[PDB]
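Have a look at target_20.pdb; it's PDB, C-alpha atoms and all ligand atoms:
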```pdb
ATOM      1  CA  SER F   5       0.000   0.000   0.000  1.00  0.00           C
ATOM      2  CA  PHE F   6       0.963   3.740   0.184  1.00  0.00           C
ATOM      3  CA  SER F   7       3.934   4.254   2.548  1.00  0.00           C
ATOM      4  CA  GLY F   8       5.641   7.303   4.049  1.00  0.00           C
ATOM      5  CA  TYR F   9       2.681   9.668   3.615  1.00  0.00           C
ATOM      6  CA  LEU F  10       2.029  12.364   6.195  1.00  0.00           C
ATOM      7  CA  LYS F  11      -1.629  12.642   7.267  1.00  0.00           C
ATOM      8  CA  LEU F  12      -3.070  16.146   6.686  1.00  0.00           C
ATOM      9  CA  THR F  13      -6.776  15.466   7.358  1.00  0.00           C
ATOM     10  CA  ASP F  14      -9.135  12.442   7.900  1.00  0.00           C
ATOM     11  CA  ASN F  15      -8.805  11.609   4.147  1.00  0.00           C
ATOM     12  CA  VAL F  16      -5.915  13.692   2.643  1.00  0.00           C
ATOM     13  CA  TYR F  17      -2.302  12.389   2.812  1.00  0.00           C
ATOM     14  CA  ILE F  18       0.874  13.898   1.321  1.00  0.00           C
ATOM     15  CA  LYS F  19       4.416  12.773   0.389  1.00  0.00           C
ATOM     16  CA  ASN F  20       7.458  14.266  -1.331  1.00  0.00           C
ATOM     17  CA  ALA F  21       7.636  11.791  -4.186  1.00  0.00           C
ATOM     18  CA  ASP F  22       7.715  11.545  -7.935  1.00  0.00           C
ATOM     19  CA  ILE F  23       4.212  10.384  -8.891  1.00  0.00           C
ATOM     20  CA  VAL F  24       5.679   8.184 -11.689  1.00  0.00           C
ATOM     21  CA  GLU F  25       7.832   6.245  -9.221  1.00  0.00           C
ATOM     22  CA  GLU F  26       5.021   6.211  -6.700  1.00  0.00           C
ATOM     23  CA  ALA F  27       2.605   4.763  -9.281  1.00  0.00           C
ATOM     24  CA  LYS F  28       5.176   2.139 -10.461  1.00  0.00           C
ATOM     25  CA  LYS F  29       5.819   1.120  -6.783  1.00  0.00           C
ATOM     26  CA  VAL F  30       2.200   1.032  -5.564  1.00  0.00           C
ATOM     27  CA  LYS F  31       0.285   0.371  -8.822  1.00  0.00           C
ATOM     28  CA  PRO F  32      -2.817   2.007  -7.325  1.00  0.00           C
ATOM     29  CA  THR F  33      -6.362   1.541  -8.609  1.00  0.00           C
ATOM     30  CA  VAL F  34      -6.385   5.149  -9.799  1.00  0.00           C
ATOM     31  CA  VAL F  35      -3.568   7.504 -10.649  1.00  0.00           C
ATOM     32  CA  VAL F  36      -4.646  11.077 -11.411  1.00  0.00           C
ATOM     33  CA  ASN F  37      -3.127  12.861 -14.385  1.00  0.00           C
ATOM     34  CA  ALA F  38      -2.879  16.658 -14.476  1.00  0.00           C
ATOM     35  CA  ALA F  39      -4.401  16.747 -17.966  1.00  0.00           C
ATOM     36  CA  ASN F  40      -5.321  19.501 -20.437  1.00  0.00           C
ATOM     37  CA  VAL F  41      -8.615  19.378 -22.445  1.00  0.00           C
ATOM     38  CA  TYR F  42      -6.847  17.885 -25.479  1.00  0.00           C
ATOM     39  CA  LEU F  43      -5.169  15.093 -23.454  1.00  0.00           C
ATOM     40  CA  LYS F  44      -1.853  16.266 -24.981  1.00  0.00           C
ATOM     41  CA  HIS F  45       0.589  14.951 -22.334  1.00  0.00           C
ATOM     42  CA  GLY F  46       3.566  17.190 -23.182  1.00  0.00           C
ATOM     43  CA  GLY F  47       5.105  18.334 -19.917  1.00  0.00           C
ATOM     44  CA  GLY F  48       4.716  18.365 -16.145  1.00  0.00           C
ATOM     45  CA  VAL F  49       2.928  15.414 -14.528  1.00  0.00           C
ATOM     46  CA  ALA F  50       1.234  14.548 -17.846  1.00  0.00           C
ATOM     47  CA  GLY F  51       4.457  14.352 -19.854  1.00  0.00           C
ATOM     48  CA  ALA F  52       6.062  12.341 -17.067  1.00  0.00           C
ATOM     49  CA  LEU F  53       3.212   9.821 -16.729  1.00  0.00           C
ATOM     50  CA  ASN F  54       2.946   9.490 -20.534  1.00  0.00           C
ATOM     51  CA  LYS F  55       6.737   8.929 -20.907  1.00  0.00           C
ATOM     52  CA  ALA F  56       6.489   6.161 -18.244  1.00  0.00           C
ATOM     53  CA  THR F  57       3.833   4.392 -20.380  1.00  0.00           C
ATOM     54  CA  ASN F  58       6.212   4.536 -23.432  1.00  0.00           C
ATOM     55  CA  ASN F  59       3.656   6.935 -25.088  1.00  0.00           C
ATOM     56  CA  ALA F  60       0.819   4.300 -24.785  1.00  0.00           C
ATOM     57  CA  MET F  61      -1.152   6.869 -22.725  1.00  0.00           C
ATOM     58  CA  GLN F  62      -0.914   9.441 -25.569  1.00  0.00           C
ATOM     59  CA  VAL F  63      -1.971   6.888 -28.235  1.00  0.00           C
ATOM     60  CA  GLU F  64      -4.995   5.915 -26.139  1.00  0.00           C
ATOM     61  CA  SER F  65      -5.785   9.629 -25.406  1.00  0.00           C
ATOM     62  CA  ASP F  66      -5.697  10.619 -29.075  1.00  0.00           C
ATOM     63  CA  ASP F  67      -8.172   7.833 -29.884  1.00  0.00           C
ATOM     64  CA  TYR F  68     -10.381   9.072 -26.965  1.00  0.00           C
ATOM     65  CA  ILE F  69     -10.254  12.648 -28.316  1.00  0.00           C
ATOM     66  CA  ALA F  70     -10.943  11.527 -31.926  1.00  0.00           C
ATOM     67  CA  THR F  71     -14.121   9.777 -30.628  1.00  0.00           C
ATOM     68  CA  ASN F  72     -15.323  12.153 -27.896  1.00  0.00           C
ATOM     69  CA  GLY F  73     -13.816  15.565 -28.518  1.00  0.00           C
ATOM     70  CA  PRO F  74     -12.022  17.571 -25.854  1.00  0.00           C
ATOM     71  CA  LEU F  75     -12.701  17.532 -22.118  1.00  0.00           C
ATOM     72  CA  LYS F  76     -14.005  20.637 -20.296  1.00  0.00           C
ATOM     73  CA  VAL F  77     -11.712  22.626 -17.929  1.00  0.00           C
ATOM     74  CA  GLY F  78     -12.792  21.171 -14.526  1.00  0.00           C
ATOM     75  CA  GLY F  79     -13.760  17.892 -16.207  1.00  0.00           C
ATOM     76  CA  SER F  80     -12.316  14.405 -16.319  1.00  0.00           C
ATOM     77  CA  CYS F  81     -12.263  11.065 -18.069  1.00  0.00           C
ATOM     78  CA  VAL F  82     -11.251   7.575 -16.955  1.00  0.00           C
ATOM     79  CA  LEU F  83      -8.765   5.854 -19.206  1.00  0.00           C
ATOM     80  CA  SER F  84      -6.295   2.927 -18.730  1.00  0.00           C
ATOM     81  CA  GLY F  85      -3.550   3.299 -16.174  1.00  0.00           C
ATOM     82  CA  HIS F  86      -1.183   1.255 -18.423  1.00  0.00           C
ATOM     83  CA  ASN F  87       1.922   0.127 -16.404  1.00  0.00           C
ATOM     84  CA  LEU F  88       1.181   2.756 -13.683  1.00  0.00           C
ATOM     85  CA  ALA F  89      -2.289   2.034 -12.309  1.00  0.00           C
ATOM     86  CA  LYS F  90      -5.520   0.102 -13.064  1.00  0.00           C
ATOM     87  CA  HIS F  91      -7.009   3.411 -14.296  1.00  0.00           C
ATOM     88  CA  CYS F  92      -5.850   6.900 -14.983  1.00  0.00           C
ATOM     89  CA  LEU F  93      -8.259   9.652 -14.051  1.00  0.00           C
ATOM     90  CA  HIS F  94      -7.384  12.513 -16.406  1.00  0.00           C
ATOM     91  CA  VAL F  95      -8.471  15.660 -14.587  1.00  0.00           C
ATOM     92  CA  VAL F  96      -8.338  19.102 -16.174  1.00  0.00           C
ATOM     93  CA  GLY F  97      -7.476  21.789 -13.687  1.00  0.00           C
ATOM     94  CA  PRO F  98      -7.548  25.419 -14.860  1.00  0.00           C
ATOM     95  CA  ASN F  99      -4.165  26.522 -16.285  1.00  0.00           C
ATOM     96  CA  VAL F 100      -3.647  30.032 -14.950  1.00  0.00           C
ATOM     97  CA  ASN F 101      -0.616  30.518 -17.351  1.00  0.00           C
ATOM     98  CA  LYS F 102      -2.899  29.786 -20.332  1.00  0.00           C
ATOM     99  CA  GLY F 103      -5.367  32.402 -18.844  1.00  0.00           C
ATOM    100  CA  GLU F 104      -7.949  29.837 -17.665  1.00  0.00           C
ATOM    101  CA  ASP F 105     -10.309  30.463 -14.692  1.00  0.00           C
ATOM    102  CA  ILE F 106      -8.946  29.560 -11.176  1.00  0.00           C
ATOM    103  CA  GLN F 107     -12.571  29.232  -9.797  1.00  0.00           C
ATOM    104  CA  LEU F 108     -12.764  25.879 -11.764  1.00  0.00           C
ATOM    105  CA  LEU F 109     -10.252  24.200  -9.427  1.00  0.00           C
ATOM    106  CA  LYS F 110     -13.003  23.060  -7.017  1.00  0.00           C
ATOM    107  CA  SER F 111     -14.956  21.510  -9.941  1.00  0.00           C
ATOM    108  CA  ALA F 112     -11.721  19.775 -11.006  1.00  0.00           C
ATOM    109  CA  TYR F 113     -11.235  18.255  -7.494  1.00  0.00           C
ATOM    110  CA  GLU F 114     -14.869  17.090  -7.387  1.00  0.00           C
ATOM    111  CA  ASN F 115     -13.886  14.451  -9.952  1.00  0.00           C
ATOM    112  CA  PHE F 116     -11.798  12.724  -7.234  1.00  0.00           C
ATOM    113  CA  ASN F 117     -14.997  12.019  -5.245  1.00  0.00           C
ATOM    114  CA  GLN F 118     -16.010   9.324  -7.792  1.00  0.00           C
ATOM    115  CA  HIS F 119     -13.079   7.114  -6.695  1.00  0.00           C
ATOM    116  CA  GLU F 120     -12.568   5.639  -3.225  1.00  0.00           C
ATOM    117  CA  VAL F 121      -8.771   5.999  -3.244  1.00  0.00           C
ATOM    118  CA  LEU F 122      -6.460   7.882  -5.565  1.00  0.00           C
ATOM    119  CA  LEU F 123      -2.774   8.659  -6.067  1.00  0.00           C
ATOM    120  CA  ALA F 124      -2.726  12.276  -7.317  1.00  0.00           C
ATOM    121  CA  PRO F 125      -0.782  15.444  -7.908  1.00  0.00           C
ATOM    122  CA  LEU F 126      -1.971  18.894  -6.693  1.00  0.00           C
ATOM    123  CA  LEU F 127      -4.272  20.121  -9.470  1.00  0.00           C
ATOM    124  CA  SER F 128      -3.314  23.325 -11.322  1.00  0.00           C
ATOM    125  CA  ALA F 129       0.080  23.417  -9.476  1.00  0.00           C
ATOM    126  CA  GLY F 130       3.481  23.211 -11.299  1.00  0.00           C
ATOM    127  CA  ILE F 131       3.399  24.280 -14.940  1.00  0.00           C
ATOM    128  CA  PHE F 132      -0.394  25.051 -14.594  1.00  0.00           C
ATOM    129  CA  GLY F 133       0.540  28.227 -12.672  1.00  0.00           C
ATOM    130  CA  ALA F 134      -1.777  28.224  -9.667  1.00  0.00           C
ATOM    131  CA  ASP F 135      -0.572  28.665  -6.048  1.00  0.00           C
ATOM    132  CA  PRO F 136       0.051  25.126  -4.700  1.00  0.00           C
ATOM    133  CA  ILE F 137      -0.928  26.167  -1.147  1.00  0.00           C
ATOM    134  CA  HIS F 138      -4.354  27.260  -2.547  1.00  0.00           C
ATOM    135  CA  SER F 139      -4.612  23.948  -4.510  1.00  0.00           C
ATOM    136  CA  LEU F 140      -3.982  21.886  -1.348  1.00  0.00           C
ATOM    137  CA  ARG F 141      -6.598  23.965   0.552  1.00  0.00           C
ATOM    138  CA  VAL F 142      -9.200  23.372  -2.259  1.00  0.00           C
ATOM    139  CA  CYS F 143      -8.237  19.669  -2.253  1.00  0.00           C
ATOM    140  CA  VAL F 144      -8.755  19.125   1.513  1.00  0.00           C
ATOM    141  CA  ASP F 145     -12.054  21.217   1.412  1.00  0.00           C
ATOM    142  CA  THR F 146     -13.459  19.407  -1.699  1.00  0.00           C
ATOM    143  CA  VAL F 147     -12.229  15.815  -1.792  1.00  0.00           C
ATOM    144  CA  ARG F 148     -14.007  13.426   0.624  1.00  0.00           C
ATOM    145  CA  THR F 149     -12.419  10.222  -0.702  1.00  0.00           C
ATOM    146  CA  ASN F 150      -8.924   9.020   0.284  1.00  0.00           C
ATOM    147  CA  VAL F 151      -6.359  11.082  -1.663  1.00  0.00           C
ATOM    148  CA  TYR F 152      -2.595  10.396  -1.553  1.00  0.00           C
ATOM    149  CA  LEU F 153      -0.887  13.485  -2.885  1.00  0.00           C
ATOM    150  CA  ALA F 154       2.571  13.114  -4.476  1.00  0.00           C
ATOM    151  CA  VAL F 155       4.482  16.472  -4.506  1.00  0.00           C
ATOM    152  CA  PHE F 156       7.520  16.283  -6.793  1.00  0.00           C
ATOM    153  CA  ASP F 157       9.400  19.354  -5.476  1.00  0.00           C
ATOM    154  CA  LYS F 158      10.990  18.810  -1.967  1.00  0.00           C
ATOM    155  CA  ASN F 159      11.062  22.542  -1.121  1.00  0.00           C
ATOM    156  CA  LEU F 160       7.392  22.862  -2.164  1.00  0.00           C
ATOM    157  CA  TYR F 161       6.467  19.782  -0.101  1.00  0.00           C
ATOM    158  CA  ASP F 162       8.140  21.397   2.967  1.00  0.00           C
ATOM    159  CA  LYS F 163       6.405  24.703   2.310  1.00  0.00           C
ATOM    160  CA  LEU F 164       3.027  22.905   1.952  1.00  0.00           C
ATOM    161  CA  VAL F 165       3.267  20.826   5.172  1.00  0.00           C
ATOM    162  CA  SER F 166       4.735  23.633   7.301  1.00  0.00           C
ATOM    163  CA  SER F 167       2.071  26.131   6.085  1.00  0.00           C
ATOM    164  CA  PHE F 168      -0.963  23.768   6.278  1.00  0.00           C
ATOM    165  CA  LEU F 169      -3.879  25.210   8.237  1.00  0.00           C
TER     166      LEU F 169
HETATM  167  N1  LIG H 201       8.725  12.493 -13.070  1.00  0.00           N
HETATM  168  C1  LIG H 201       8.497  13.788 -13.355  1.00  0.00           C
HETATM  169  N2  LIG H 201       9.124  14.518 -14.259  1.00  0.00           N
HETATM  170  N3  LIG H 201       8.522  15.782 -14.270  1.00  0.00           N
HETATM  171  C2  LIG H 201       7.562  15.767 -13.349  1.00  0.00           C
HETATM  172  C3  LIG H 201       6.665  16.760 -12.918  1.00  0.00           C
HETATM  173  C4  LIG H 201       5.750  16.462 -11.943  1.00  0.00           C
HETATM  174  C5  LIG H 201       5.693  15.167 -11.373  1.00  0.00           C
HETATM  175  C6  LIG H 201       6.553  14.213 -11.777  1.00  0.00           C
HETATM  176  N4  LIG H 201       7.490  14.515 -12.747  1.00  0.00           N
END
```

As a first step, turn the structure in this file into structure tokens.
Amino acid sequence: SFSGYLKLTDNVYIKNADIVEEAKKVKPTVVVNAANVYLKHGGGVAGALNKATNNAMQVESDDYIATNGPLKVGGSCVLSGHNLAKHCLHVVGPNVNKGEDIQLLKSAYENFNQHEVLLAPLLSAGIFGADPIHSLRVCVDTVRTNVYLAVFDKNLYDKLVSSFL
């Protein structure tokens, strides 16, 4: 199971870990991808998870987009987890750098409530441009299911735990 996570709340746990290595170690039921509406896994968590699947996640995502069209910002889709998880929940958080609306972050976290336990990154953090402390606050106030957050950056992980209200 998940090991070395610090408990933040009744259901939110956090660890300084690379979500790719965490997924390969644990092989959880659900790994969350920090997706964009086109499921174009270029950089950040998405590029990293996709590279770990040897691009199989992108091939599957392009077929999903050809059939269904793009996701909504705040939306999600369940696809295969490939070598990382049983499933991958592709969640679209608002990308502040691309000028998207930060109010959609709560809607993005609501997708986690459809899964009992998830391995996930902080939505809209990293290359998505939002304040990670705000993302963790929205996470703990929105997600009711068991969420194991993997924070790649050590200094950010320290800042998050030490500043947690
Ligand atoms: N393995 C890896 N490479 N880049 C990133 C970014 C976020 C989380 C994991 N990452």

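Near segment 109-118 of chain F, within 7 Å and counting all atoms listed in the file, sit residues 78, 79, 80, 95, 96, 97, 98, 142, 143, 146, 147, 148 and 149 of chain F; same-chain residues fewer than 5 positions away were not included.
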
Could the residues in this selection be saved with C-alpha atoms as a PDB file, in the frame of the given file?
```pdb
ATOM      1  CA  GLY F  78     -12.792  21.171 -14.526  1.00  0.00           C
ATOM      2  CA  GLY F  79     -13.760  17.892 -16.207  1.00  0.00           C
ATOM      3  CA  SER F  80     -12.316  14.405 -16.319  1.00  0.00           C
ATOM      4  CA  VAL F  95      -8.471  15.660 -14.587  1.00  0.00           C
ATOM      5  CA  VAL F  96      -8.338  19.102 -16.174  1.00  0.00           C
ATOM      6  CA  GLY F  97      -7.476  21.789 -13.687  1.00  0.00           C
ATOM      7  CA  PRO F  98      -7.548  25.419 -14.860  1.00  0.00           C
ATOM      8  CA  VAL F 142      -9.200  23.372  -2.259  1.00  0.00           C
ATOM      9  CA  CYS F 143      -8.237  19.669  -2.253  1.00  0.00           C
ATOM     10  CA  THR F 146     -13.459  19.407  -1.699  1.00  0.00           C
ATOM     11  CA  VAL F 147     -12.229  15.815  -1.792  1.00  0.00           C
ATOM     12  CA  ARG F 148     -14.007  13.426   0.624  1.00  0.00           C
ATOM     13  CA  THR F 149     -12.419  10.222  -0.702  1.00  0.00           C
TER      14      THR F 149
END
```

Between chain F and ligand LIG 201 (chain H), at 6 Å or less, what are the per-residue closest atom pairs and their distances in Å? Count all atoms listed in the file, order by chain and rising residue number, and return it as JSON lines.
```
{"residue": "F:22", "atom": "CA", "partner": "H:LIG201", "partner_atom": "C6", "distance": 4.8}
{"residue": "F:23", "atom": "CA", "partner": "H:LIG201", "partner_atom": "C6", "distance": 5.3}
{"residue": "F:24", "atom": "CA", "partner": "H:LIG201", "partner_atom": "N1", "distance": 5.5}
{"residue": "F:48", "atom": "CA", "partner": "H:LIG201", "partner_atom": "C3", "distance": 4.1}
{"residue": "F:49", "atom": "CA", "partner": "H:LIG201", "partner_atom": "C4", "distance": 4.0}
{"residue": "F:52", "atom": "CA", "partner": "H:LIG201", "partner_atom": "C1", "distance": 4.7}
{"residue": "F:156", "atom": "CA", "partner": "H:LIG201", "partner_atom": "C5", "distance": 5.1}
```

Preceding selection exported with C-alpha atoms as an mmCIF file, keeping the file's coordinate frame:
```cif
data_model
loop_
_atom_site.group_PDB
_atom_site.id
_atom_site.type_symbol
_atom_site.label_atom_id
_atom_site.label_comp_id
_atom_site.auth_asym_id
_atom_site.auth_seq_id
_atom_site.Cartn_x
_atom_site.Cartn_y
_atom_site.Cartn_z
ATOM 1 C CA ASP F 22 7.715 11.545 -7.935
ATOM 2 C CA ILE F 23 4.212 10.384 -8.891
ATOM 3 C CA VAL F 24 5.679 8.184 -11.689
ATOM 4 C CA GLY F 48 4.716 18.365 -16.145
ATOM 5 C CA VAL F 49 2.928 15.414 -14.528
ATOM 6 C CA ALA F 52 6.062 12.341 -17.067
ATOM 7 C CA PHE F 156 7.520 16.283 -6.793
#
```

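As for atom CA of residue 144 of chain F and atom CA of residue 15 of chain F, they are spaced 8.0 Å apart.
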
Determine the residue membership of the PyMOL selection byres (((chain F and resi 70-75) around 8) and not hetatm) for the file above and supply it as a tab-separated table (two decimals) with C-alpha atoms, keeping the file's coordinate frame.
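Written output follows (out_27.tsv):
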```tsv
chain	number	residue	atom	x	y	z
F	40	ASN	CA	-5.32	19.50	-20.44
F	41	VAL	CA	-8.62	19.38	-22.44
F	42	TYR	CA	-6.85	17.89	-25.48
F	43	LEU	CA	-5.17	15.09	-23.45
F	66	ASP	CA	-5.70	10.62	-29.08
F	67	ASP	CA	-8.17	7.83	-29.88
F	68	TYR	CA	-10.38	9.07	-26.96
F	69	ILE	CA	-10.25	12.65	-28.32
F	76	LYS	CA	-14.00	20.64	-20.30
F	77	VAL	CA	-11.71	22.63	-17.93
F	79	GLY	CA	-13.76	17.89	-16.21
F	80	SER	CA	-12.32	14.40	-16.32
F	81	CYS	CA	-12.26	11.06	-18.07
F	96	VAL	CA	-8.34	19.10	-16.17
```

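The nearest approach to residue 35 of chain F among the residues F:89, F:137, F:108, F:16, with all atoms listed in the file taken into account, belongs to F:89.
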
Can you check which parts of segment 56-129 of chain F lie within 12 Å of segment 159-166 of chain F? Per residue, the shortest pair of atoms and distance in Å to one decimal, counting only C-alpha atoms, sorted by chain and number, as a tab-separated table.
```
residue	atom	partner	partner_atom	distance
F:125	CA	F:161	CA	11.5
F:126	CA	F:161	CA	10.7
F:129	CA	F:160	CA	10.4
```

Choose the residue, out of F:18, F:50, F:39, F:169, that has the smallest atom-to-atom separation from residue 152 of chain F; count only C-alpha atoms.
F:18

So how many Å separate atom CA of residue 145 of chain F and atom CA of residue 82 of chain F, to one decimal?
22.9 Å

Straight-line distance linking atom CA of residue 86 of chain F with atom CA of residue 56 of chain F, stated in Å to one decimal
9.1 Å

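Among the candidates F:107, F:153, F:17, F:119, the one nearest to residue 33 of chain F when counting only C-alpha atoms is F:119.
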
So what does the PyMOL selection byres (((chain F and resi 90) around 12) and not hetatm) actually pick up in this one, as a PyMOL selection string?
chain F and resi 27-28+30-36+82-89+91-93+121-123

Could you put an axis-aligned box around every listed atom of segment 153-162 of chain F, padded by 4 Å on each side, and send me its centre and edge lengths in Å to one decimal, as AutoDock Vina command-line options?
```
--center_x 5.1 --center_y 18.0 --center_z -1.9 --size_x 19.9 --size_y 17.7 --size_z 17.8
```

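Checking F:26, F:105, F:20, F:155 one by one against residue 140 of chain F, counting all atoms listed in the file, you find the shortest gap at F:155.
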
Filled-in N, CA and C atoms of segment 89-104 of chain F, supplied as a PDB file, in the frame of the given file:
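The resulting rebuild14.pdb:
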```
ATOM      1  N   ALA F  89      -1.110   2.180 -13.166  1.00  0.00           N
ATOM      2  CA  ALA F  89      -2.289   2.034 -12.309  1.00  0.00           C
ATOM      3  C   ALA F  89      -3.345   1.196 -13.056  1.00  0.00           C
ATOM      4  N   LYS F  90      -4.430   0.772 -12.379  1.00  0.00           N
ATOM      5  CA  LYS F  90      -5.520   0.102 -13.064  1.00  0.00           C
ATOM      6  C   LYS F  90      -6.164   1.137 -14.039  1.00  0.00           C
ATOM      7  N   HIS F  91      -6.433   2.340 -13.523  1.00  0.00           N
ATOM      8  CA  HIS F  91      -7.009   3.411 -14.296  1.00  0.00           C
ATOM      9  C   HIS F  91      -6.227   4.673 -14.133  1.00  0.00           C
ATOM     10  N   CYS F  92      -6.365   5.563 -15.103  1.00  0.00           N
ATOM     11  CA  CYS F  92      -5.850   6.900 -14.983  1.00  0.00           C
ATOM     12  C   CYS F  92      -7.025   7.827 -15.073  1.00  0.00           C
ATOM     13  N   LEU F  93      -7.223   8.644 -14.027  1.00  0.00           N
ATOM     14  CA  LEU F  93      -8.259   9.652 -14.051  1.00  0.00           C
ATOM     15  C   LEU F  93      -7.608  10.921 -14.561  1.00  0.00           C
ATOM     16  N   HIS F  94      -7.922  11.316 -15.792  1.00  0.00           N
ATOM     17  CA  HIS F  94      -7.384  12.513 -16.406  1.00  0.00           C
ATOM     18  C   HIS F  94      -8.233  13.667 -15.978  1.00  0.00           C
ATOM     19  N   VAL F  95      -7.709  14.529 -15.086  1.00  0.00           N
ATOM     20  CA  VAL F  95      -8.471  15.660 -14.587  1.00  0.00           C
ATOM     21  C   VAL F  95      -7.905  16.954 -15.135  1.00  0.00           C
ATOM     22  N   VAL F  96      -8.763  17.823 -15.653  1.00  0.00           N
ATOM     23  CA  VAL F  96      -8.338  19.102 -16.174  1.00  0.00           C
ATOM     24  C   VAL F  96      -8.515  20.215 -15.170  1.00  0.00           C
ATOM     25  N   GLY F  97      -7.423  20.617 -14.529  1.00  0.00           N
ATOM     26  CA  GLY F  97      -7.476  21.789 -13.687  1.00  0.00           C
ATOM     27  C   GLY F  97      -7.291  23.021 -14.553  1.00  0.00           C
ATOM     28  N   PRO F  98      -7.790  24.189 -14.102  1.00  0.00           N
ATOM     29  CA  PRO F  98      -7.548  25.419 -14.860  1.00  0.00           C
ATOM     30  C   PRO F  98      -6.046  25.756 -14.912  1.00  0.00           C
ATOM     31  N   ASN F  99      -5.553  26.149 -16.090  1.00  0.00           N
ATOM     32  CA  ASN F  99      -4.165  26.522 -16.285  1.00  0.00           C
ATOM     33  C   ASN F  99      -4.165  28.030 -16.291  1.00  0.00           C
ATOM     34  N   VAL F 100      -3.749  28.607 -15.161  1.00  0.00           N
ATOM     35  CA  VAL F 100      -3.647  30.032 -14.950  1.00  0.00           C
ATOM     36  C   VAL F 100      -2.708  30.695 -15.988  1.00  0.00           C
ATOM     37  N   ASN F 101      -1.602  30.022 -16.364  1.00  0.00           N
ATOM     38  CA  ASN F 101      -0.616  30.518 -17.351  1.00  0.00           C
ATOM     39  C   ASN F 101      -1.224  30.648 -18.742  1.00  0.00           C
ATOM     40  N   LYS F 102      -2.154  29.741 -19.079  1.00  0.00           N
ATOM     41  CA  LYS F 102      -2.899  29.786 -20.332  1.00  0.00           C
ATOM     42  C   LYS F 102      -4.128  30.752 -20.231  1.00  0.00           C
ATOM     43  N   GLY F 103      -4.299  31.440 -19.088  1.00  0.00           N
ATOM     44  CA  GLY F 103      -5.367  32.402 -18.844  1.00  0.00           C
ATOM     45  C   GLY F 103      -6.690  31.811 -18.427  1.00  0.00           C
ATOM     46  N   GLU F 104      -6.715  30.504 -18.081  1.00  0.00           N
ATOM     47  CA  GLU F 104      -7.949  29.837 -17.665  1.00  0.00           C
ATOM     48  C   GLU F 104      -8.397  30.274 -16.277  1.00  0.00           C
TER      49      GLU F 104
END
```
